[PDB]
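Accompanying notes for the structure given below.
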Amino acid sequence: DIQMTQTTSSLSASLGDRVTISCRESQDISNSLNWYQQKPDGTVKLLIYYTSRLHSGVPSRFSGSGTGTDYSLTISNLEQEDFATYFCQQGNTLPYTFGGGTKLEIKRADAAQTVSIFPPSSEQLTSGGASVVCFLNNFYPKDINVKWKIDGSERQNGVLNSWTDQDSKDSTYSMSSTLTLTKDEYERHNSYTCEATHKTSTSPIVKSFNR
Amino acid sequence: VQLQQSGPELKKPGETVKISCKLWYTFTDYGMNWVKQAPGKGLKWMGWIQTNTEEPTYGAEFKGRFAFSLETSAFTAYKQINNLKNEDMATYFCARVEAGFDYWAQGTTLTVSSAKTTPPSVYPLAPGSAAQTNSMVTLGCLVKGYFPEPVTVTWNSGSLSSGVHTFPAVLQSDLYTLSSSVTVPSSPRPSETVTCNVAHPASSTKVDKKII
């Protein structure tokens, strides 16, 4: 086949900035390389085709260039709409193939989170199971990770972490990590730990209550 | 000029779905593309359908269960899938084939589940006796055991619009689960009353859960 590989899956720059996205193909694709844009609501749109032709409706802020197997899309006056995910594709042969994409998230300062542990609700208890919820919010950059070490137990099995997207207002993320189980298996451990590894520290931030 | 897809669609493994795409320009001049975008994945060309000769062409992984219909007189290109499997839920787009994928559609999100319309269980989350070691304080509402999507979650009918975070649903136990958090100052937390309102359209379920 013919694969399209984009150098980086994710990229972080600031408004007004200028950034360049790469895409190399597995073999000479003459100049049949097109670029598209996907926005958070799923819609896609042709940006540049045949390496560098600007499609009708695309601003001059977009530009393409390349030959052989390497191409580049360069966006010059970074605006607020331009913070979506971009894709490359070859029109040289069937099957048509695209690259993994590359997403633009806005660059900013660092922020460790505000961590909170919530003990299982009574109404749930008096039903069948018990979920422990750990909220980690408003931090940057997106990378954080967590282990549930309930005093020498790592309940990675049956955990649901969940990610938010770069909050509109202040550009951070937030993560929920739910550790749901049974009244039985909860009603014998009585010692639940929530560990959280983030840049800002080397000291793994841990939060708890023990009953 | 625009292509309008159909969906969303709920299907159980085994049934078949027929997704449409209708247009606005000289239909038969340009063929039609079908693209499968799976969730944490990129885009993949499933294939074409030539509008004038009705001759389709398939990406090699999309042979067999996938077929290409098209009803010229109305200007709709179809795409049905037989023997629906898990593997098949994803957004499907149609983009006309040109000097690049010209115009796309909105996509149609197909979900395969054999799970029934289930109402949610909103449980309230609170610190309890945990001494608030901050001028901020945080609350949450846990929405678990529901199907399908989505649930709309507000705080005080919108009045509490900032400080809120409503996390993406996680598919566990074949049903969904999401959570939301609000963060309010140390004073209006208990004296004032903070409550979360969940509503599930499918099941006409709406419930308020007041917090400790």
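Naming works like this for the structure tokens: A, B, ... for the chains as they're shown, residue 1 at the start of each chain, ligands 1 onward in shown order.
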
Hey, what's within 7 Å of segment 78-90 of chain B if we count only C-alpha atoms and toss same-chain stuff fewer than 6 positions away? As a compact mmCIF listing (two decimals) with N, CA and C atoms, in the first residue's frame, please?
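The resulting file, part-v1.txt, is reproduced below:
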```txt
# COMPACT_ATOMS: atom_id res chain seq x y z
N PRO B 13 -26.14 -6.30 16.82
CA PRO B 13 -25.35 -7.12 15.92
C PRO B 13 -26.23 -8.05 15.10
N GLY B 14 -26.08 -8.01 13.78
CA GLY B 14 -26.87 -8.89 12.91
C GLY B 14 -27.74 -8.15 11.92
N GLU B 15 -28.40 -7.09 12.40
CA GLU B 15 -29.26 -6.29 11.54
C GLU B 15 -28.33 -5.65 10.54
N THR B 16 -28.92 -4.91 9.62
CA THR B 16 -28.19 -4.21 8.59
C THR B 16 -28.75 -2.80 8.62
N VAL B 17 -27.95 -1.83 8.20
CA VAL B 17 -28.37 -0.44 8.17
C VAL B 17 -28.11 0.04 6.76
N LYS B 18 -28.88 1.02 6.31
CA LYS B 18 -28.72 1.62 5.00
C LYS B 18 -28.61 3.12 5.28
N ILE B 19 -27.40 3.67 5.16
CA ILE B 19 -27.15 5.12 5.39
C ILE B 19 -27.23 5.89 4.08
N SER B 20 -27.94 7.02 4.09
CA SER B 20 -28.07 7.87 2.91
C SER B 20 -27.23 9.14 2.91
N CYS B 21 -27.15 9.74 1.73
CA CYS B 21 -26.41 10.96 1.44
C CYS B 21 -27.06 11.54 0.16
N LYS B 36 -14.85 5.74 6.55
CA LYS B 36 -15.13 5.27 7.91
C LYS B 36 -14.14 5.85 8.91
N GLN B 37 -14.63 6.70 9.83
CA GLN B 37 -13.77 7.27 10.89
C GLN B 37 -14.14 6.63 12.24
N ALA B 38 -13.27 5.78 12.77
CA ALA B 38 -13.61 5.16 14.05
C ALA B 38 -13.05 6.10 15.12
N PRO B 39 -13.77 6.26 16.26
CA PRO B 39 -13.56 7.07 17.46
C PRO B 39 -12.15 7.62 17.75
N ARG B 65 -19.51 -7.59 3.26
CA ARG B 65 -20.61 -7.07 4.05
C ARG B 65 -21.05 -5.68 3.69
N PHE B 66 -20.16 -4.94 3.03
CA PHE B 66 -20.46 -3.59 2.61
C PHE B 66 -20.84 -3.61 1.16
N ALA B 67 -21.84 -2.80 0.81
CA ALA B 67 -22.40 -2.67 -0.54
C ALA B 67 -22.78 -1.22 -0.86
N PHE B 68 -22.73 -0.86 -2.14
CA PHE B 68 -23.06 0.51 -2.54
C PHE B 68 -24.29 0.65 -3.43
N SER B 69 -25.31 1.28 -2.86
CA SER B 69 -26.54 1.52 -3.57
C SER B 69 -26.42 2.96 -4.03
N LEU B 70 -27.43 3.42 -4.73
CA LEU B 70 -27.48 4.76 -5.24
C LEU B 70 -28.80 4.81 -5.99
N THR B 109 -23.32 8.81 12.73
CA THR B 109 -22.73 7.99 13.77
C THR B 109 -23.56 6.75 14.09
N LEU B 110 -23.06 5.59 13.67
CA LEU B 110 -23.69 4.26 13.88
C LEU B 110 -23.20 3.58 15.16
N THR B 111 -24.13 3.17 16.00
CA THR B 111 -23.81 2.49 17.23
C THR B 111 -24.47 1.13 17.19
N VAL B 112 -23.69 0.10 17.48
CA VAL B 112 -24.18 -1.27 17.52
C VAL B 112 -24.15 -1.73 18.98
```

Which neighbours of residue 28 of chain B fall inside 8 Å, counting only C-alpha atoms, when residues of the same chain fewer than 3 positions from it are skipped, and could you give them as a list in words?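 What passes the distance filter is residues 31, 51, 52 and 72 of chain B.
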
Using only C-alpha atoms, can you tell me which of B:139, B:170, B:95, B:122 comes closest to residue 115 of chain A?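 Going through B:139, B:170, B:95, B:122 one by one, the smallest distance to residue 115 of chain A is for B:139.
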
Residues of chain A near chain B: apply a cut-off of 8 Å, count only C-alpha atoms, and supply the list as a tab-separated table (two decimals) with N, CA and C atoms, in the first residue's frame.
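Generated output (selection.tsv):
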```
chain	number	residue	atom	x	y	z
A	34	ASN	N	-3.36	16.13	-0.62
A	34	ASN	CA	-4.37	17.09	-0.21
A	34	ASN	C	-4.40	17.19	1.30
A	42	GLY	N	-16.91	17.13	14.39
A	42	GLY	CA	-16.86	16.11	13.37
A	42	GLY	C	-16.78	16.55	11.92
A	43	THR	N	-17.27	17.74	11.57
A	43	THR	CA	-17.21	18.19	10.17
A	43	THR	C	-15.81	18.24	9.59
A	44	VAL	N	-15.65	17.88	8.32
A	44	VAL	CA	-14.35	17.94	7.67
A	44	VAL	C	-14.46	18.95	6.52
A	45	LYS	N	-13.31	19.36	5.98
A	45	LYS	CA	-13.32	20.33	4.90
A	45	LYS	C	-12.00	20.30	4.08
A	46	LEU	N	-12.06	20.31	2.74
A	46	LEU	CA	-10.83	20.31	1.92
A	46	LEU	C	-10.13	21.62	2.14
A	49	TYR	N	-5.43	21.11	-2.19
A	49	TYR	CA	-5.36	19.87	-2.98
A	49	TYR	C	-4.15	19.95	-3.91
A	50	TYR	N	-3.84	18.88	-4.61
A	50	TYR	CA	-2.68	18.87	-5.52
A	50	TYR	C	-1.47	19.63	-4.98
A	91	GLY	N	-3.72	11.24	-3.71
A	91	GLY	CA	-4.66	11.00	-4.79
A	91	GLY	C	-3.96	10.29	-5.93
A	94	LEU	N	-5.43	4.14	-5.77
A	94	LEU	CA	-6.41	3.46	-4.95
A	94	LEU	C	-5.61	2.35	-4.29
A	95	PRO	N	-5.88	2.13	-2.99
A	95	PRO	CA	-6.84	2.85	-2.14
A	95	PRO	C	-6.37	4.23	-1.71
A	96	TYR	N	-7.27	5.20	-1.59
A	96	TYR	CA	-6.84	6.52	-1.14
A	96	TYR	C	-6.48	6.37	0.32
A	97	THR	N	-5.38	6.95	0.77
A	97	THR	CA	-4.96	6.81	2.17
A	97	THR	C	-4.70	8.14	2.87
A	98	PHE	N	-5.05	8.28	4.15
A	98	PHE	CA	-4.81	9.54	4.89
A	98	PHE	C	-3.80	9.27	6.01
A	99	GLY	N	-3.34	10.32	6.68
A	99	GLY	CA	-2.43	10.13	7.78
A	99	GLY	C	-3.18	10.17	9.10
A	100	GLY	N	-2.53	9.73	10.17
A	100	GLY	CA	-3.15	9.72	11.50
A	100	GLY	C	-3.77	11.01	12.01
A	101	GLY	N	-3.36	12.12	11.41
A	101	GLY	CA	-3.85	13.42	11.79
A	101	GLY	C	-2.84	14.03	12.71
A	116	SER	N	-9.67	15.90	44.24
A	116	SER	CA	-10.74	15.66	45.20
A	116	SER	C	-11.24	14.22	45.20
A	117	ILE	N	-11.35	13.63	46.39
A	117	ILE	CA	-11.82	12.23	46.54
A	117	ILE	C	-13.26	12.14	47.11
A	118	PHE	N	-14.14	11.46	46.38
A	118	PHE	CA	-15.51	11.35	46.84
A	118	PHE	C	-15.87	9.93	47.15
A	119	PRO	N	-16.18	9.64	48.44
A	119	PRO	CA	-16.56	8.34	49.04
A	119	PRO	C	-17.91	7.93	48.48
A	120	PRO	N	-18.14	6.62	48.29
A	120	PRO	CA	-19.43	6.18	47.73
A	120	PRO	C	-20.70	6.59	48.46
A	121	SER	N	-21.60	7.15	47.65
A	121	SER	CA	-22.93	7.64	48.00
A	121	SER	C	-23.72	6.54	48.70
A	123	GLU	N	-27.15	6.07	48.85
A	123	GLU	CA	-28.16	5.54	47.93
A	123	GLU	C	-27.62	4.43	47.04
A	124	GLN	N	-26.34	4.50	46.68
A	124	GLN	CA	-25.73	3.48	45.82
A	124	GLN	C	-25.41	2.27	46.65
A	135	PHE	N	-11.68	13.21	41.12
A	135	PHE	CA	-11.71	14.29	40.13
A	135	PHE	C	-10.31	15.00	40.18
A	160	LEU	N	-12.22	3.67	35.32
A	160	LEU	CA	-12.62	4.44	34.15
A	160	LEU	C	-12.11	5.87	34.35
A	162	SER	N	-11.36	9.43	32.50
A	162	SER	CA	-12.10	10.10	31.46
A	162	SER	C	-11.52	11.47	31.26
A	163	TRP	N	-11.39	11.85	30.00
A	163	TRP	CA	-10.81	13.12	29.68
A	163	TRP	C	-11.70	14.18	29.09
A	164	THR	N	-11.45	15.40	29.51
A	164	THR	CA	-12.16	16.55	29.02
A	164	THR	C	-11.25	17.11	27.96
A	174	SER	N	-9.28	18.28	32.43
A	174	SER	CA	-9.80	17.79	33.68
A	174	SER	C	-9.99	16.30	33.44
A	175	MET	N	-9.84	15.52	34.49
A	175	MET	CA	-9.95	14.08	34.39
A	175	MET	C	-10.71	13.53	35.57
A	176	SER	N	-11.56	12.55	35.28
A	176	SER	CA	-12.33	11.86	36.29
A	176	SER	C	-11.69	10.49	36.21
A	209	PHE	N	-9.27	9.43	52.02
A	209	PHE	CA	-10.17	9.36	53.15
A	209	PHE	C	-10.04	7.85	53.41
```

Report, in Å with one decimal, the straight-line distance from atom CA of residue 128 of chain A to atom CA of residue 179 of chain A.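 Taking atom CA of residue 128 of chain A and atom CA of residue 179 of chain A, their separation equals 14.5 Å.
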
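Computed from the coordinates, the atom CA of residue 157 of chain A to atom CA of residue 112 of chain A distance equals 26.0 Å.
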
Give the answer as one residue: which of B:25, B:48, B:77, B:71 has the shortest atom-to-atom distance to residue 6 of chain B, using only C-alpha atoms?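 Closest to residue 6 of chain B of all the choices is B:77.
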
Please provide as a list in words all residues within 8 Å of residue 12 of chain A, with the sequence filter that same-chain residues fewer than 3 positions apart are discarded (counting only C-alpha atoms).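 Listed by chain and then number, they are residues 104, 105, 106 and 107 of chain A.
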
Contacts of segment 204-206 of chain B within 12 Å, only C-alpha atoms, excl. fewer than 6 positions in-chain, as a list in words: residues 117, 118, 119, 120, 121, 122, 143, 146, 147, 150, 151, 152, 153, 154, 196, 197 and 198 of chain B
